[PDB]
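Chain naming here is simple, since letters A, B, ... match the order of the sequence lines and numbering starts at 1 in each. We use all heavy atoms of the structure for the numbers below, so side chains are in, but hydrogens, waters and symmetry mates are not.
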Amino acid sequence: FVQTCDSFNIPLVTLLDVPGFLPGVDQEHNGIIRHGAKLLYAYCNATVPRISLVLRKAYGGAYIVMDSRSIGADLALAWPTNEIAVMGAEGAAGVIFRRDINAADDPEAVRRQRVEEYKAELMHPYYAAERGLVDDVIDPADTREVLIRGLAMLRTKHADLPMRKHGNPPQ
Amino acid sequence: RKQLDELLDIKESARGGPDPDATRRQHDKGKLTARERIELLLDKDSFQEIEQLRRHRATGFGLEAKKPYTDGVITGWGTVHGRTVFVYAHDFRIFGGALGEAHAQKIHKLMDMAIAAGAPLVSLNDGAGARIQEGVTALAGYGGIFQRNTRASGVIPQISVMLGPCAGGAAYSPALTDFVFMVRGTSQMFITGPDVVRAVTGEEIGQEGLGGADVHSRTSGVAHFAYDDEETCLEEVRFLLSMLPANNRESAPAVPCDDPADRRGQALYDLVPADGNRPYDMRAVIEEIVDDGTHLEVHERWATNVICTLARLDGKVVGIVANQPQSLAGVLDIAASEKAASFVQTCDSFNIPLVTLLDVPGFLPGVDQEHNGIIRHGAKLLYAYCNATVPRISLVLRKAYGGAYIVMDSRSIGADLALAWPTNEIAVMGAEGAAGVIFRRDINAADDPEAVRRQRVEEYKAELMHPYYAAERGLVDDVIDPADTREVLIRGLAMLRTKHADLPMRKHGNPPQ
Amino acid sequence: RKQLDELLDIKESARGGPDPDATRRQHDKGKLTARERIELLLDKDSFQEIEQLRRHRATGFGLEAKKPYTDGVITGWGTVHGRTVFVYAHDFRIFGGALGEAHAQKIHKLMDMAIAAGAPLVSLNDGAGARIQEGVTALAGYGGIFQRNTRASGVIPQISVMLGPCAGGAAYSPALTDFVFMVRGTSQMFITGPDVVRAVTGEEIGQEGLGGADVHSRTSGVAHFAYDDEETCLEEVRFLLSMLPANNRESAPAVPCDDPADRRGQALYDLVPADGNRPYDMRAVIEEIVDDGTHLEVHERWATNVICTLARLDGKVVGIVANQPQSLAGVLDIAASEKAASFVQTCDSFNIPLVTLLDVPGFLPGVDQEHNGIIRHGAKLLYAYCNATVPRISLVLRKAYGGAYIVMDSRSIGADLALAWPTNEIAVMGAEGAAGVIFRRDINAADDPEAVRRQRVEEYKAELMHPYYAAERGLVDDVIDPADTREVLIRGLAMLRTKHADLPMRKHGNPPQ
């Protein structure tokens, strides 16, 4: 769909609420690595206006593949309900404070504390906006107007593609 | 003089990595260090390093205390067989080779230098995932890597060598490159690791069973090559680089050839039965034809019903796509279509001529094939050949039936030359089943309708499917002595060397996904 | 929702800046806030902000304690007269508007959006230098700004509005833009500030004396415009944008014109003396000729011996270069050459036609001019005209002597049309000088040498310097009724509107520095 829209000069709006990729032997053995790369390639190679908007979850590689600023989106927006993170706080605090959790008279209160400290520094709804990974956090009810105004500013976008016969996208 | 001593100390401290315990843990796993791998890849003394002394600038969660030199990736350039190559190599000893902001900017800088120079880019991968301590800031670093893989695609050769664990988004970087090499035991690739698959699906599986070199080499198609150890793997990376151009503005480098070029292939008379039911190893045919019997097979252990291999004819690189009658009777299926499409596309973008050897009875039948989309996967091979502008020669050895004849670089989809052996059967293969309608009057007359059907089918085949029918209609350019194959291909490719073809005005085609 | 209420609170907290004292301190200095300036520049309710919530991540020297939203810069886009314009404005209330790493990346992002969209870029500058506390890391942020100013140069109009202090490398960003506006009293620009000049050179000077709007407007040439207040300044920025195209692929936008193209110019008979010794204001001539007497003079108060101004003829933008006989007798000097070269280059790159009005006796003589390089500075104007591909019309009102005639868009350097009034004197030098050299021998002999001279001068002036000499030899295309000037220029420009001229195959010329 991205490839078709791109080649016929149709602007792309991506709405994220994605926890990750489908786990399983079925997915890895049938090549999610090469099939997932097709979506990534289509967005990276796209030259039409591109806006991404995170509604809720945007975790790990999936955040990056769904037209993140990092792969060339012209604008990235988020709702105040956004959770943009590499992984869950429980997992991250788990590894970082392994030593402090193993010790302590109350392992489960030192875990719950380090999770809250991790979330407060690295995983809150304003973290992405404070670092420029998203361009604004918006009132959900303004979504229609913000997309219209973004696309109108981007209507004249020229981007150049490299000198080649064709890319070698994943088959 | 104080300053020089300080400089030798800091360089020695950066070269040795963060501590010698981390080196021992790496060697204990049967893995080499980033620097040992760069030395095996590159010509002696060719390596020039960039940003050796780079360190992270992150804070929180103990990062201020652990700022090792290189920040976990070694970046620079050297030579392979005298030609410049750009390389980056993760250092697993530094945060498990995990991606930081500074680490990522070093990779961005090096990838940009490869694209700017028009020279190949080799990744020696041992490190996946964002540093959890840096957060999404570091995750965003993968974006710039993906953009650069995509900009470089079909511009400079990109080789990915997997020499360690690779979990999550990071695995997509190799997927965007031209060739993926894996080492058995020490390397794995998956998007979601075994811990999370157990928790979610309930399936129980180890790292090797989920995403080992044997999985990706034989089942998934993610790995083009698999090797027992790092030494053999990096030897074959050097050999592949010797068969590829530096960039899409050059042809693969030619070598001097002692192998005469008029050397007759009388052995082909015995290797290929005239009995169309008996199989053979198509590799034995390739080995007879190409310079010194040398070829580098890609996806050797995936979809073995097709062969994709790089070889030389009169010292000049060629890519060969060939049905393997030994394996699923040489039919095309989803996997073979994906394998051949990928190979044709790569050769085309790097100015490598294509020779297609046909012995194909059709496509693999089954609910499995139709339900999982052979229509859109088979179209990938068709698109890759139709869209190809390198010299293209097809040669029918035995069977070429239906759509499969047309898809395997027929003259009808734009092959420059089509040849056939006298053993060729080029047919539509629907006569059985058309015979009912075509001969309905004769069958209805009966006195054994089945034997009058079988007779009229044989009469149809004798008039429209004999060995000289294609040649008499111009579907093939000649019927040749099998033993002249090597010479005819050499002379064909030499006539086509100067072929320019123009591609249409577009951003890109919309090939089937 | 709790989340919406939190969002309105954080946005209100970002809009109002770090503390309520800071706004009053900005107003007390006679300055507006960044947001008030953006409201004066842009059409009501057109402004869309990006990265309002961005905050720094630096840790030196007490920074970790004050991380205000937005950093020190407001970035976004809106419209001026319905056309999209990109803007960044320093917020002096945050670290004195000084450049941090995050602040710089916001500016990089916004400049990239302007270049990608092909629309003008306006900087509302109130911020001096890198944050000293962030160090070389922050300083390197200016590099990316400089690269983008350079890539954008002659592609999109770049306007710099100086509304505060500007010390150091930062001043070079405006220098790379097309037009610099300054406000008297509240704005200054210098590379080295008064503190450091005292310590090193021992000269004592204030900020206003070193780099005020009057210094840069009248002496240095760094400022194209100067205004008493911000309100008039930003009104004139909007007016300049209405005369410029969005990018180098468009012409300046035309407006409807009810000022007839038909004769209006009988006043020119009185404004311009036939007595070649007597001055006049060349602006009075321009005001007669152009639509409604409206023109926007650039570098009004610098090198007043030349006029560069933007006006309209029949609703279409034109750039006018004209000698000012009122000021240094209308000679060309270093400053005038630099001023006109800059103006011709800008008009050419933005597809604005050029009309040149000559009344020029020669170049300013003296050691000062020759020793400070009139040879290389005069060549800048020559290069700009020779290299120009827009429609070009020159019109000689009175004097056009020697190299000055040739440099001011003569037919000989590629003017499409050259016109003259019947008051024209086109010659290699004055009659006095020419007769002097030609008849040196006959004057030095005979009786009444200062009477033979008087005779030969009168004969030279009558025979070689009459108003029809140039026209009879094809150096000018026509001699016109002064009162027809407006109509002849309109008709000439309309014939030349479709002019395509090709530029040579090169990275860039090597114009004189």
Side-chain angles (χ1 to χ4, degrees), chain A residues 3-4 6-7 20-38 40-47 60-65 68-72 84-87 91-92 95-97 118 121-123 127-128 131 133 161-171, chain B residues 60-62 129-130 132-133 135-144 146-147 149-151 153-155 168-169 171-172 174-176 178 189-192 196-197 200-201 203 205 209-211 215 219-222 248 338 341-342 345-346 348-349 380 387 389 503 506-511 513:
Chain A
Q3 190 184 61
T4 300
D6 186 43
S7 70
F21 292 84
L22 195 283
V25 172
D26 245 34
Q27 289 293 126
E28 306 293 339
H29 280 39
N30 292 313
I32 178 65
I33 285 166
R34 69 182 169 83
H35 291 126
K38 291 169 177 187
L40 179 58
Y41 180 102
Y43 275 126
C44 286
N45 205 44
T47 58
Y63 158 63
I64 286 192
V65 170
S68 58
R69 284 209 62 89
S70 75
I71 69 165
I84 298 165
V86 323
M87 64 165 64
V95 177
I96 295 170
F97 295 110
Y118 192 86
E121 201 84 11
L122 284 185
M123 301 179 48
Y127 188 78
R131 300 280 88 89
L133 295 203
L161 230 23
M163 206 67 176
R164 65 189 172 195
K165 303 217 259 184
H166 52 75
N168 291 186
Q171 302 304 112
Chain B
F61 310 113
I132 317 103
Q133 302 94 326
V136 287
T137 264
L139 188 67
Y142 275 118
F146 300 155
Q147 280 191 250
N149 284 135
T150 300
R151 271 170 231 158
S153 189
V155 179
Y172 288 140
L176 295 175
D178 301 309
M189 293 194 267
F190 31 73
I191 295 298
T192 327
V196 182
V197 331
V200 170
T201 185
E203 203 164 25
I205 195 99
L210 185 57
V215 164
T219 307
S220 82
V222 170
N248 65 3
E338 290 176 313
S342 179
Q345 192 188 58
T346 300
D348 185 44
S349 70
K380 291 167 180 189
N387 204 46
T389 57
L503 287 176
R506 66 188 173 196
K507 309 219 260 193
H508 52 76
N510 298 335
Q513 300 306 112

Just give me the residue among [options] that pairs up with chain B most often, heavy atom to heavy atom, under 4.5 Å.
| options | value |
| --- | --- |
| A:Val86, A:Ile71, A:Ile64, A:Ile33 | A:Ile33 |
| A:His35, A:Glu28, A:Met87, A:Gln27 | A:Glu28 |
| A:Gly20, A:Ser68, A:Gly36, A:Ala62 | A:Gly36 |

Below 4.5 Å, heavy-atom pairs only: which of [options] has the largest tally toward chain A?
| options | value |
| --- | --- |
| B:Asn248, B:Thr346, B:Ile191 | B:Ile191 |
| B:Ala175, B:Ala138, B:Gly169 | B:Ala175 |
| B:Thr137, B:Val200, B:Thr201, B:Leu139 | B:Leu139 |

Distance in Å, B:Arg506 CZ paired with A:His166 NE2, rounded so as to fall on 0.5 Å steps: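 That separation rounds to 9.0 Å.
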If you measure from CZ on A:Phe21 to OH on B:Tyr172, what distance do you get to the nearest 0.5 Å?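 Result: 3.0 Å between the selected atoms.
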Of the backbone (N, CA, C, O) and the side chain (C-beta and beyond), which part of A:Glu121 lies under 4.5 Å from a heavy atom of chain B, both, or neither?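 When you check distances to chain B, only side chain atoms of A:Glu121 fall under 4.5 Å.
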Which bit of A:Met123 comes within less than 4.5 Å of chain B, counting heavy atoms only: side chain, backbone, both or neither?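 No part of it gets close to chain B.
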With sequence neighbours excluded, what pairs up with A:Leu122 under the side-chain contact (heavy atoms from CB on, under 4.5 Å) test?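 In terms of side-chain contact (heavy atoms from CB on, under 4.5 Å), with neighbours along the sequence ignored, A:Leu122 is linked to A:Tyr118, A:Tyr127, B:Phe61.
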Chain A contact via [X] - side chain, backbone, both or neither, heavy atoms under 4.5 Å:
| X | value |
| --- | --- |
| B:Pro511 | both |
| B:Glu203 | side chain |
| B:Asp348 | both |
| B:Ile205 | side chain |

Run A:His29 and B:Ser220 through side-chain contact (heavy atoms from CB on, under 4.5 Å) and show every step you take. CA-CA 5 Å; A:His29 280 39; B:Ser220 82; 5.6 Å; no
Test item: [X] side-chain N/O and [Y] main-chain N/O as donor-acceptor pair under 3.5 Å:
| X | Y | value |
| --- | --- | --- |
| B:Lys507 | A:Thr47 | no |
| B:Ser153 | A:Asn168 | yes |
| B:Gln133 | A:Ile96 | no |
| B:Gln513 | A:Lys38 | no |

Which pair of heavy atoms, one from [X] and one from [Y], lies closest together, and at what distance?
| X | Y | answer |
| --- | --- | --- |
| A:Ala92 | B:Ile132 | CB-CG2, 3.1 Å |
| A:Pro162 | B:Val155 | CB-CG2, 4.4 Å |
| B:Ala140 | A:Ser70 | O-CB, 3.1 Å |

Going by the side chain to side chain contact (heavy atoms under 4.5 Å, CB included) test, name the single residue among A:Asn45, A:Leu161, A:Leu40 that passes it with B:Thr150.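 Per the side chain to side chain contact (heavy atoms under 4.5 Å, CB included) rule, the option paired with B:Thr150 is A:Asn45, out of A:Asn45, A:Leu161, A:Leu40.
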CA sep, side-chain torsions, deciding dist, call: B:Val136, A:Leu133, side-chain contact (heavy atoms from CB on, under 4.5 Å): CA-CA 8 Å; B:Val136 287; A:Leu133 295 203; 3.7 Å; yes
